[PDB]
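These are the residues of each chain, in order.
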Amino acid sequence: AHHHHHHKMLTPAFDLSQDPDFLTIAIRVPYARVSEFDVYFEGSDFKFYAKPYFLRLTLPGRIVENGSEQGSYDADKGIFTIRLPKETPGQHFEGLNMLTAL
């Protein structure tokens, strides 16, 4: 037997990874109705916009603003990736596996 639970802006699924220089956020946007996306970051705050998607995260550490962030999109897979430079090089961000949309 199957039971489905259903609980409009969408919150996108996403996957996180890191190395000592960057935090990488890969955002699943298959149902995007735009081909232009906007990202804002400030300290540990992260926002991503692409109608109908909105994603806000509080990151486990801070990101530096110096224009060195790296954005790219894969139209085949429907995934936007942003690499965000760590304010403290070598800081290992903890608990990424349980980070959840604000």
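Residues numbered from 1 in each chain as written, not as in the entry; some residues may be left out. Heavy atoms only, no water. Residues with missing side-chain atoms left out of burial classes, pairs and counts.

Method-wise, the PDB entry is recorded as coming from X-ray crystallography, at a reported resolution of 1.6800 Å.

This part takes up the sheet that holds strand β1 (residues 14-18). Ordered by their spatial adjacency, 4 strands build an open sheet running β1-β2-β6-β5, and the pairing between neighbours is antiparallel. A strand with exactly one partner marks an edge of an open sheet, and here the two such strands are β1 and β5 (70-74). Each strand of the sheet is rotated relative to its neighbour by a mean of 15 degrees, with strand direction disregarded. Pairing of β1 with strand β2 (residues 22-28), which is carried by 5 bridges, proceeds in the antiparallel orientation. Considered in β2, the bridge of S17 is made with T24. (Pairing = 2+ DSSP bridges. Helix = DSSP H or I, 4+ residues; strand = E, 2+ residues; numbered from the N terminus. Axes fitted to C-alpha atoms, helices over the stretch in contact; angles between N-to-C directions.)

Relative to strand β4 (residues 53-63), strand β3 (residues 38-50) runs antiparallel, the two being bridged by 7 bridges. Note on β4: the bridge partner recorded for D45 is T58. In sequence, β3 turns back onto β4 through a hairpin of 2 residues.

Further remarks concern the packing of aromatic side chains. Summed over all chains, the structure comprises 6 aromatic pairs. Between the aromatic rings of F37 and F80, the centroid separation amounts to 5.6 Å while the plane-to-plane angle is 85 degrees, which identifies the pairing as edge-to-face. Of this pair, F37 sits in the loop between β2 and β3 while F80 sits in strand β6 (residues 79-85), and the two are 43 residues apart along the sequence. Owing to a relative accessible area of 10%, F80 belongs among the buried residues under this scheme. Each residue in the set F37, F48, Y73 and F80 is aromatic and connected to the rest through ring pairs, giving one cluster. (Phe/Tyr/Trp six-rings, centres within 6.5 Å; stacked < 30°, edge-to-face > 60°. Buried < 20%, exposed > 50% of the residue type's maximum accessible area, 1.4 Å probe, protein only.)

The next thing to look at is the environment of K47. With respect to the helices and strands, the residue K47 is situated in strand β3. Using a relative accessible area of 26% as the deciding quantity, one classes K47 as partly exposed. On a C-alpha basis, the gap between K47 and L57 in space is 6.6 Å, while along the polypeptide they are 10 residues apart. Leaving out residues up to four positions away in the same chain, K47 has contacts with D38, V39, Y40, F54, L55 and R56. (Contact = heavy atoms within 4.5 Å.)

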